[PDB]
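First comes one chain, alone, set out as structure tokens in the form deposited in one PDB entry.
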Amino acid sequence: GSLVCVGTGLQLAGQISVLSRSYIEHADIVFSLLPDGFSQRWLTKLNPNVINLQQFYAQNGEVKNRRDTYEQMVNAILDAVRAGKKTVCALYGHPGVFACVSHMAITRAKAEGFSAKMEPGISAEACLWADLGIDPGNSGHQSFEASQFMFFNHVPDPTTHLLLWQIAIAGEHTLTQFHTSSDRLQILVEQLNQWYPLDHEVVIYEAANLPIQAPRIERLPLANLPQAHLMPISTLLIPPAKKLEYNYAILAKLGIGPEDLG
């Protein structure tokens, strides 16, 4: 038995790697976690032996820590590996980006002496740069999970493009609910106001999952975030609040000035 975790990208069918597709095609069994039913059918036609990881999510409005869900996902994947199946895990986007199931399964597989690897995929971040025509290198880039940003001390650089992932559950500690509240989001705005004016334009981004679908690129002032219509797939982009300024300290050590910059 062996394990290969692949990503299918965000868009249907077209955004998976050539090699990653081949892995799915030749797998004994596939464990899937896909955005929609169109993506699900696509997968099943590629390889009919599919087990849908969605099933491990709470079904009947029951309270269940998503950490328990992930554990059952991991154990289900490892069971196939232990049995001797050439197992492939197919997650949407990039399998190791804001996704613990794969990292956990790989760690566990390796420790039990199984071959396990992760193939990189196209993430929501990757889609964002393209859809918004932004290069993360222009003035740099920072990414944080929205809740972690609230629970712990992160200091953002306001010259960079800042991303807050999983903004829809910002401040939702129990990890049972499928969304947060407007008051939680208001607290986030106040926190952000340390570095960003209330009228700072932010962007609610959602990459399209279908080829006939346009992405969501919704601009609004930060102060209006708490009233916004957020979905699980929403990512919040916070563009720079300040332009790049010269670092005279280091330039001096380099023995140059701004005018010497190529």
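In case it trips you up, residue 1 is the first one in the sequence shown, and so on. In this text, rigid core is short for the largest set of C-alphas that superpose within 1.5 Å between two forms.
Legend: mean Cα B-factor per stretch from the PDB entry, 116-124 versus 167-175; the higher mean is in 167-175. Note on 243-251 vs 14-22: mean CA B-factor is higher in 243-251. Across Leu91, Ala146, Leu162, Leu185, the greatest Cα temperature factor reported in the deposited entry is at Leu185. Within the listed group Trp42, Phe31, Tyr205, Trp195, the record reports its top CA B-factor for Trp195. Compared with the other modelled residues of the chain, the Cα B-factor recorded for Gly61 ranks in the highest third. Looking at the C-alpha B-factors along this chain, the one for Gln72 belongs to the highest third.
Looking at the C-alpha B-factors along this chain, the one for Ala228 belongs to the highest third.
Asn153: CA B factor lies in the highest third for its chain, per the PDB record.
In the PDB entry, a CA B factor belonging to the lowest third of its chain's modelled residues is recorded for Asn209.
What comes next is about the form deposited in another entry, which does not appear here.
Here the rigid core is superposed between this form and the one not shown, and of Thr176, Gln142, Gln186, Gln148 the C-alpha of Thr176 is the only one to shift by 2 Å or more. In the other entry, the CA atoms of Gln177 and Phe144 sit farther apart than in the displayed form, by at least 3 angstroms. The gap between the Cα atoms of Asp131 and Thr180 is larger in the other entry, by no less than 3 Å, than in this form.
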